[PDB]
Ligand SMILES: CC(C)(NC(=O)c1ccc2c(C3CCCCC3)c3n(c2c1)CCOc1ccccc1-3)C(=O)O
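Let's start with one chain on its own, the form deposited without the named molecule, as structure tokens.
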């Protein structure tokens, strides 16, 4: 029951790929250890293929079926609607990969006759045929990391026409069903601050809290045909139009369960029998399957008063401690059960008795103080990957601006405020591009955002306290400082000096620019200004933000 079979044809690129960090006049102001930063390319795709190709065995017991029955009971309450062709078209990113059949994303977005006629033909084919495997493209992702090299991850996706049809059939389902089935355990319904609140309140709900993260090794490749059919059975519990039931069956049989892999040159590379990383249901499917396996494993291990938090393949569990020795024993049983369910561990899970020591969604809770001196919890992460990616983006325009996503999601953090805000506002100022909209990605969806709207966006997501936090923990400060030394980034004292300059330059611009100076860089002046609620912030349409995850799902706004 192999995750993949291969022909020996290579996974090929679409254009020249760079692995070495490009350097321009701005690079050394941010990062001097250029050799630490690299991008993955198709040259490492063979190594990735070896890692993700293996046999999956699955033994399913009564705990698994009991949890599944409960999930299906909750799913039965969901009513989901078909999207119109127009609605689905307007969800397509402007720079989404063009179709092989003679039209592109902008043709889709404009509702061109050619595009709309083809989408109708694809839809009719889904209704009429529930058996023929749907072709997919396989490509090596180009992502940036700091050394200590990862092989490229693989992306697998069907044609643009099919992607639009997935939205028509499943957008409402994948946006609504997860929170109904999993309630407060569904992670993608939370902003960063909401996630912190849930984690803190859950920790406090236990007499003697214990928590752990669980890392499944190569999750997508552990997902079996069984798993994908079980997912479909959950979708079909919803109140759906008959037409939608048929399209969902067809997509499951023809696309989600598996299909042929074609490289960028049109050659057959092999066949997939595990999760595709580039379909609409990747996020919802991984979340449901992870929750199902983990909930059943909790029961196997007799964990007391378990509360889970699930975002795709990323899992956190907080429960009542039965003692340190008993806790470690329970985790072994948990892992054994997950392994039987085809979710074997990467790193073995570790019990933690301090909430700040748990990492999940690459992040941890930490504590700072607000302007009144109150202790406030907030979400942070190790800044190594953010800074490596920011270095790349200093010298190259990319389709997704990680620095922008990171400023939005980690606005309250020491590193996002002192380094990312300072560095990028200085660059944009110099080019007068503050008002130019940029694409970023949050929970898998693409947003087009004007940097000048950051103050209002931050206030809405994090509150005004994001502009006032200070007295960060020694642990957090020490981690940031050591990261800077590692990458050869100037120390925080240099960044404070630069932020005073950037703040003054923004204030001299007037308007929204001055608001950025005032709010984003109040921390850099000795005599702070008041900072009152921004009237524009109460006006922003942040509907669609933090409802669901759509990683690989080709979703825009």
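Numbering follows the first chain given and starts at 1.
Separately, the form deposited with the named molecule bound exists; it is not shown, and the next lines address it.
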(request) Identify the site as open or blocked, taking the pose of the named molecule in the deposited bound form and overlaying it via the site C-alphas; a blocked site has 3 or more ligand atoms within 2.4 Å of a backbone or C-beta atom of the shown form. (result) blocked
(message) Just to confirm the contact call: exactly one of 249 to 257, 169 to 177, 483 to 491, 93 to 101 touches the named molecule in the deposited bound form at a 4.5 Å heavy atom cutoff, so which is it?
(response) 483 to 491
(request) Check whether residue 56 has any heavy atom within 4.5 Å of a heavy atom of the named molecule in the deposited bound form, and answer yes or no. (result) no
(message) When the contact criterion is heavy atoms within 4.5 Å, does residue 425 count as touching the named molecule in the deposited bound form?
(response) no
(request) Spell out, yes or no, whether the shortest heavy atom distance between residue 37 and the named molecule in the deposited bound form is within 4.5 Å. (result) yes
(request) Mark residue 498 yes when one of its heavy atoms lies within 4.5 Å of a heavy atom of the named molecule in the deposited bound form, and no otherwise. (result) yes
(request) Let me know the one among 321, 339, 137, 394 whose heavy atoms come within 4.5 Å of the named molecule in the deposited bound form, would you? (result) 394
(request) Could you tell me which one of 294, 387, 119, 458 places a heavy atom within 4.5 Å of the named molecule in the deposited bound form? (result) 387
